[PDB]
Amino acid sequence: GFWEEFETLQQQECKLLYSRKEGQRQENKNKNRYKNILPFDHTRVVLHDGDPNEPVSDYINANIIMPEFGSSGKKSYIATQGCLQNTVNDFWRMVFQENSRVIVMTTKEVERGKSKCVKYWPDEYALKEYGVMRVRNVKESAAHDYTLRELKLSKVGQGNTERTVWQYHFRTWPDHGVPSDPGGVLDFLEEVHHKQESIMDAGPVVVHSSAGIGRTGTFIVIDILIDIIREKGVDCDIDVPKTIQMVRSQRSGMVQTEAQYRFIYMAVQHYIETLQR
């Protein structure tokens, strides 16, 4: 039962209470959108190469999520919150350092009067410097449910560091609850998957939401489960609770609501039914 399964998961959280001390440091307080939502220390993305005048330059509210313990970076994700005004530069340091080539944005910049992500990309055709990083917005391609932005990211002053980063911005997720059917998300995730698959040396896919746990966990868990079906077929074992437990061992609270939990099952079933057609 969906209701019983999600409740059992919500109770099991007491054994994934790993340290979150770095995000609790005074220097990092203003780098978190939400005081209570912090990365586990052992899976957090540690930022190197920071300004040597900054006493703490190694922190972003983000964790690596591996679907399996041996996963390559190309098969992994970074779950993170939407940028704050003061973390846009750190976000691009993270994207560059981790060799990420695909970003999945699951919110608008603002929903119901609240900032869910400060704009971290230039206007179409424009060039912006974000700290030491330079970003050109080469082209935007607008679909029904999402916009794709082809971004070119490089380190200022250093040639031959340029790489293309593809930002898939899902724009129609409802302000409350979840989409009433998963077709839009499934089509979006299919494009994300093929783009990531096509890039030889790609690092983890960056996925973000206001806190980096609810919509972020929903998209990541759907993506993991559909990839199992890609490899193993429509009759394979699918274990939604165990997959949620795996991602929750790497960032607290992934998948926040019962509607999200039901949406994951619905997305997987629709993926299966399109294949069977």
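Residue numbers here begin at 1 and follow the sequence given.
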Query - Average Cα temperature factor in the PDB entry - higher stretch of 215 to 223, 235 to 243 - result: 235 to 243
Report task. Using only the Cα atoms and their B-factors as the entry lists them, report which of 152 to 160 and 179 to 187 averages higher. Result -> 152 to 160
Query - Deposited CA B-factor, highest of 78, 110, 199, 103 - result: 199
**Report entry** Options 127, 207, 83, 94 - largest CA temperature factor per the record
**Finding:** 127
Report task. Please rank the C-alpha B-factors of the chain's modelled residues and tell me whether residue 19 sits in the lowest, middle or highest third. Result -> middle
Query raised in the report: In terms of the chain's CA B-factor thirds, is residue 230 lowest, middle or highest?
Result: highest
Query - Lowest, middle or highest third - CA B-factor, residue 39 - result: lowest
Query raised in the report: Hey, what third does residue 255 fall into on Cα B-factor, ranked over its chain?
Result: lowest
Report task. Classify residue 116 as lowest, middle or highest third according to the C-alpha B-factor given in the PDB entry, relative to its own chain. Result -> lowest
